[PDB]
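Down below is the structure, laid out as structure tokens.
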Amino acid sequence: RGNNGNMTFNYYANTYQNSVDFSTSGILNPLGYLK
Amino acid sequence: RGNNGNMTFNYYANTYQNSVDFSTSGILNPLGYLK
Amino acid sequence: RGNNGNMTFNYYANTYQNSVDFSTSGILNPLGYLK
Amino acid sequence: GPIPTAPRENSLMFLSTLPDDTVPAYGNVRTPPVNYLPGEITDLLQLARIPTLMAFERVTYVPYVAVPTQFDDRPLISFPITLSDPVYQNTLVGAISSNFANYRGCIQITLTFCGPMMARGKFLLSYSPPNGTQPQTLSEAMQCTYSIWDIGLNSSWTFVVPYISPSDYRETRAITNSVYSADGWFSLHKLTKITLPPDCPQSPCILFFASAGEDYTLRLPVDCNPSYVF
Amino acid sequence: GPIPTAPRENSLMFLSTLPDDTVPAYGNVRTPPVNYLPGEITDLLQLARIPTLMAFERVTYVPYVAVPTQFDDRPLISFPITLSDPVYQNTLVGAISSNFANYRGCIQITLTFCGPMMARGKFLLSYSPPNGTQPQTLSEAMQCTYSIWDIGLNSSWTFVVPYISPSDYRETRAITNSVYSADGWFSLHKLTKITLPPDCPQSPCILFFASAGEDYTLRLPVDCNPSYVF
Amino acid sequence: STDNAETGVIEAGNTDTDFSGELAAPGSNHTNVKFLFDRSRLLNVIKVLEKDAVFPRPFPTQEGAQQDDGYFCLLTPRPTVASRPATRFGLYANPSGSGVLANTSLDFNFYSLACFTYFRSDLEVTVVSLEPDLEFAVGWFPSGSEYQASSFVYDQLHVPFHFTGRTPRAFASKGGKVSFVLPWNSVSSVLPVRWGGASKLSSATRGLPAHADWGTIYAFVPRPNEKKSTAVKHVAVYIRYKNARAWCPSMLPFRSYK
Amino acid sequence: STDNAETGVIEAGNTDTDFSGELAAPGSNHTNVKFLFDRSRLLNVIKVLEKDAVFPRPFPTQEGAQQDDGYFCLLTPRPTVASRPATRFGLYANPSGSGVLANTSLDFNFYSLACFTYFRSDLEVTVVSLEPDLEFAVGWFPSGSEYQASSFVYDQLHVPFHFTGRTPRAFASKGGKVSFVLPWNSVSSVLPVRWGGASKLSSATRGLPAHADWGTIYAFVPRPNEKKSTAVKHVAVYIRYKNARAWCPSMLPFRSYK
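Going down the list, the protein sequences come from chains D, D', D'', B, B', A and A'. A prime marks a further copy of an entry chain. The first sequence lines up with residues 14 to 38, 63 to 72 when you count with the entry's author numbering. The second sequence lines up with residues 14 to 38, 63 to 72 when you count with the entry's author numbering. The third sequence lines up with residues 14 to 38, 63 to 72 when you count with the entry's author numbering. The fourth sequence lines up with residues 1 to 59, 68 to 238 when you count with the entry's author numbering. The fifth sequence lines up with residues 1 to 59, 68 to 238 when you count with the entry's author numbering. Residue numbers are given in the entry's author numbering: position 170 of the sixth sequence equals residue 170, and the series is strictly consecutive. Residue numbers are given in the entry's author numbering: position 203 of the seventh sequence equals residue 203, and the series is strictly consecutive.
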């Protein structure tokens, strides 16, 4: 997703191409609510 | 179609290679008719 | 394994890319034991 | 054997907007989780659809307009519909739109009366498509698209400027007044004079808000102007 | 026919950290087996988790501290918690940590009493999170996190410094005392004076060890300092 | 339509609510935050090292101190001065008089569209030469470290230490370009566009974050100390956010009315 | 918690053992030995041959002997001197007086993280030029051999023998780079970081291993003997361990206290 045109092939592994968050153990929704 | 020789492989996605018209919600036929 | 990003394709054969030891005929384990 | 290939005329070129990635250098990094931060923004339209205060000249700028007591037939206030016009300059709709080239959809305007609870009156709001000369009287205003708003319990009243254009999409800046940039005028008329009881302040004030519509849309990004730093 | 392709802007570049291999030259070599060597190391944490001796000043350095006989309310000894501090310099935890940039987990400290078997006494160990000024009396020390250790049969006593930080990961060097580098102080208090029978040497000595915890972790390698060769 | 604006929440409408009409079609989605920010742009211009350097001292520096200025560039949209983070952007409107002139930088586009409060994304870097047929290299070290300053003697030829190290160093051929991407490596979870805290517990300067950046970059000529030339050289730095995200709305700059 | 440190074995604990609390999450595994050592670094700088060479003699060499110095580089993290293995690292703090100056080298990072006793790994080599627009080549021969020293006459033009041979020789274009990988070819199963044996059965020097290296490297100009220029040239050597392993713990250097 994003400004990325390729849709078929990825050479390097995901964990080397991107950063990841280590684990721990449609239409736009609105901001601001009234009740 | 057109002056395009490749017939096997396309790298970039269609929506990035070409422009598209957003939706809304053989032998040659003749021009000019008489009735 | 290691600082190696490729995970899909290898061109040369294993015995030419690496050295091998000729045959003869998880969590970290501790070092130093008491009994 | 080596695969024979011939590079194209476009090689070693550096293209800023190219849609592809590059080679990593320091991979295998893992970052802290960010589940705890609420209110993630996914599209800037979420912010474009929030009303904000416009501006006018008091002759040296204020967001409101003071209702006079004199009687005259000219419109109380009238400004053009062009996102590059000063009145929309500081509002979010205009500020965001200045970074793009085209737009669609319906603009929205809102008003609020902040006078004494004891006052009573009526106002007329009209929107005039483009013409040779802009409207200058109530008789002319009545014919265009307009609505009547009366002071009551509730304080605010919303108005929608329809998207009536000779072509899909429209320019967001007016280098020259082609029909594709300017789209008429908006004007407010005081239908009847205000009534107040004795011993009350005169000249109430009215307030304006501007925001994007439901079906608003932008397109085709463009580089921004850095003059603000000076 | 030739496959047409266009090289990117990044070509002929030499990148030291690139995650990939290169072309072989002298392959097909076979090497002796190494099954006979025991104790293969798989991760340097295995070595980081081994206690080692710290250092102090006797005014010119020794690992132990001599318990005096005078009476005063100041802490017997206190040093900051910062891996770049001299006390941790030669210990394995500090030495290895100086080659990285971030760390997590809990540090561990250990002590051992090497005095005569006939002695008796008690000591107080405390850890003070950061403040405007460091603790200077037992009354202040009692409030922070602390524990009581008494001389008995067994000789050693372990203490754990909890990881209490405003953010995940912390810097391993202190260019300036931001809250992300320094993390308070550790101090030792003599609760009661030592009791010895007649005809015994005075001023026993106590010994320190420092090691990594169970959940210790490092990250983001960095280049090392070669000044040791001089 | 009747409504109350004092409630804060106002529901967006369409033309058909009060008149006869219909709603328009969607169109395109060019406003997506991820798609908007993936474009390269200029950040700063720096000189090229020809010997071992001396990193500039902290800001309270008095006169007479010897160091090298304008050789290092920070990687951060926020304002900076003298290769160190700052809070107020600077500008020299009268280039005259004594004193060293302080380098400055800023990300004009990013702060022109900085409508939020917190930000996070990877970052891809590129460098380009501003001199004809130049040979150079580029070095980098992560946030929260420092640059080693010394040299070694090989065959009576001094060689600066920044040649070697386990943190990336890259070389380019004659007239070539250097490109690579970096991860998000700061200790903080997100980068604060605007901040109002203090880092040190006392004597701190409010509103000055400590580690709001990706790292640091510099360029050098691969030759020994014995070949210090006579003319200065410059390079240009390009950055491009990748897979961006935002977290909390804010306001935009103030466009002054003539 | 009560324990006895004299037993040597002490079990690591957590915060919850003696207080209320919990353990932290793993995080990342950047300390892995294999992943740590796969990074290139500078090793040595050598000159470029322009004729047939004479390999330096053994160390007891007296004065007046004719040979070529500083043209060959060993491939080994251990200290070396005059293109031959050594035991103590050297340094010239007073470059003056008669006598030839001895080349020296060392792997600062490797010995800064040399926490073990034995080591084994493949090795990838690269070379780079330190002169503008230079043409050169690189040669290599395995551990436990020697460099042939003679030349042949073709069309009355002398051609050194090191041009040809069944052990790798590589050429690079104008401004290019040379890269390739080598196997572990020494007779010994593992490379000793520190040693305390003797090689010869008598009159040996204790602690000096015989074949703790990968091979030997040199560079030369592909031109006949008739084109010996007037100016010296240099190149730089980069090495990068690959698929490393360690076998027995040890201690780290002594960081002196000012």
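Each residue gets a CB set at the ideal place from its N, CA and C atoms; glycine is no exception.
query, result
"Excluding the five sequence neighbours on either side, which residues of its own chain have a C-beta within less than 6 Å of the C-beta of residue 107 (chain B), listed in chain order?", "232"
"Would residue 52 (chain B') and residue 218 (chain B') qualify as a contact pair, given that the criterion is a beta-carbon distance under 9 Å?", "yes"
"Return the chain-ordered ranges of every alpha helix (DSSP H) run that is complete within the segment 34 to 97 of chain A' and spans a minimum of 4 residues.", "none"
"Taking only heavy atoms of the ligand GTP into account, decide whether any of them is closer than 8 Å to the Cβ of residue 79 (chain A').", "Inclusion of the ligand GTP in the displayed structure is not the case, the ligand content being empty and no account of it being possible."
"Are there 16 or more other CB atoms within 10 angstroms of the CB of residue 58 (chain B'), so buried, or fewer, so exposed?", "exposed"
"Work out the CA separation of residue 149 (chain B') and residue 200 (chain B') for me, nearest whole Å.", "15 Å"
"Looking at the unbroken alpha helix (DSSP H) that takes in residue 146 (chain B), where does it start and where does it end?", "146 to 151"
"At a CB-CB cut-off below 9 Å, which residues of chain B make contact with residue 213 (chain A)?", "Simply none; closest approach about 15 Å."
"Are the segment 76 to 94 of chain B and the segment 207 to 222 of chain B' in contact at 8 Å, needing three or more beta carbon pairs?", "no"
"Pairing CB atoms from the segment 123 to 131 of chain A with CB atoms from the segment 232 to 243 of chain A, are three or more of them under 8 Å?", "yes"
"With a cut-off of 9 Å, does the C-beta of residue 316 (chain A) fall near any C-beta of chain B'?", "As shown, chain A starts at 1 and ends at 258. That puts residue 316 (chain A) outside it, with no answer to give."
"Decide if the segment 16 to 35 of chain B' is in contact with the segment 16 to 30 of chain D''; the criterion is three or more beta carbon pairs, one per stretch, under 8 Å apart.", "yes"
"Is the segment 168 to 182 of chain A' touching the segment 127 to 143 of chain A', taking contact as three or more C-beta pairs under 8 Å?", "yes"
"Look at the alpha carbon of residue 15 (chain A') and the alpha carbon of residue 170 (chain B'), and state the distance between them as a whole number of angstroms.", "6 Å"
"Mind reading off the beta-carbon distance from residue 156 (chain B') to residue 198 (chain B')? Whole number of angstroms is fine, and I expect it under 8 Å.", "Going by Cβ atoms, the distance from residue 156 (chain B') to residue 198 (chain B') rounds to 12 Å, so no, they are not a contact pair."
"How about residue 9 (chain A) and residue 69 (chain D): do their beta carbons lie closer than 9 Å?", "yes"
"Can you pull the chain B' residues whose beta carbon is under 7 Å from the beta carbon of residue 169 (chain A), in chain order?", "16"
"Considering only C-alpha positions, which residue in the set B':190, B':236, B':111 and B':194 is nearest to residue 31 (chain B)?", "B':111"
"Could you give the first and the last residue of the continuous alpha helix (DSSP H) run that contains residue 104 (chain B)?", "100 to 105"
"Using a Cβ-Cβ distance cut-off of 9 Å, determine whether residue 35 (chain B) contacts chain A'.", "no"
"Which one or two residues does DSSP pair with residue 5 (chain B) in a beta bridge?", "B':3"
"May I ask which residues mark the beginning and end of the alpha helix (DSSP H) holding residue 224 (chain B')?", "First-last for residue 224 (chain B'): undefined, no H or E at that position."
"Residue 43 (chain B') versus chain A: which residues are under 8 Å apart at the beta carbon?", "Neighbours of residue 43 (chain B') on chain A: none; closest Cβ ~17 Å, over 8 Å."
"Under the three-state reduction of DSSP, which class applies to residue 116 (chain B): helix, strand or coil?", "strand"
"Determine the burial state of residue 78 (chain A): buried for a count of at least 16 other Cβ atoms within 10 Å of its Cβ, exposed for fewer.", "buried"
"Name the two residues that bound the continuous alpha helix (DSSP H) containing residue 167 (chain B).", "From DSSP, residue 167 (chain B) is part of no alpha helix (DSSP H) but of the beta strand (DSSP E) over 164 to 169."
"Let me confirm a value: residue 216 (chain A) is counted as buried when at least 16 other C-beta atoms fall within 10 Å, else exposed. Which label applies?", "buried"
"Can we say the segment 18 to 27 of chain A' touches the segment 39 to 48 of chain B', given the rule of at least three CB pairs closer than 8 Å?", "no"
"Does any residue of chain A have a CB that is nearer than 9 Å to the CB of residue 158 (chain A')?", "no"
"Could you tell me whether the Cβ atoms of residue 221 (chain A') and residue 48 (chain A') are closer together than 9 Å?", "yes"
"Helix, strand or coil: how does DSSP classify residue 24 (chain B) here?", "strand"
"Can you give the Cα-Cα distance for residue 191 (chain B) and residue 138 (chain B), rounded to whole angstroms?", "6 Å"
"Looking at residue 254 (chain A) and residue 193 (chain A), is the spacing between their C-beta atoms short of 9 Å?", "no"
"Hey, could you find the ends of the beta strand (DSSP E) residue 244 (chain A') is sitting in?", "234 to 246"
"Report the rounded CA-to-CA distance for residue 180 (chain B) versus residue 109 (chain B), giving the unit in angstroms.", "6 Å"
"Inspect the beta-carbon positions of residue 225 (chain A) and residue 150 (chain A) and report whether they are closer than 9 Å.", "no"
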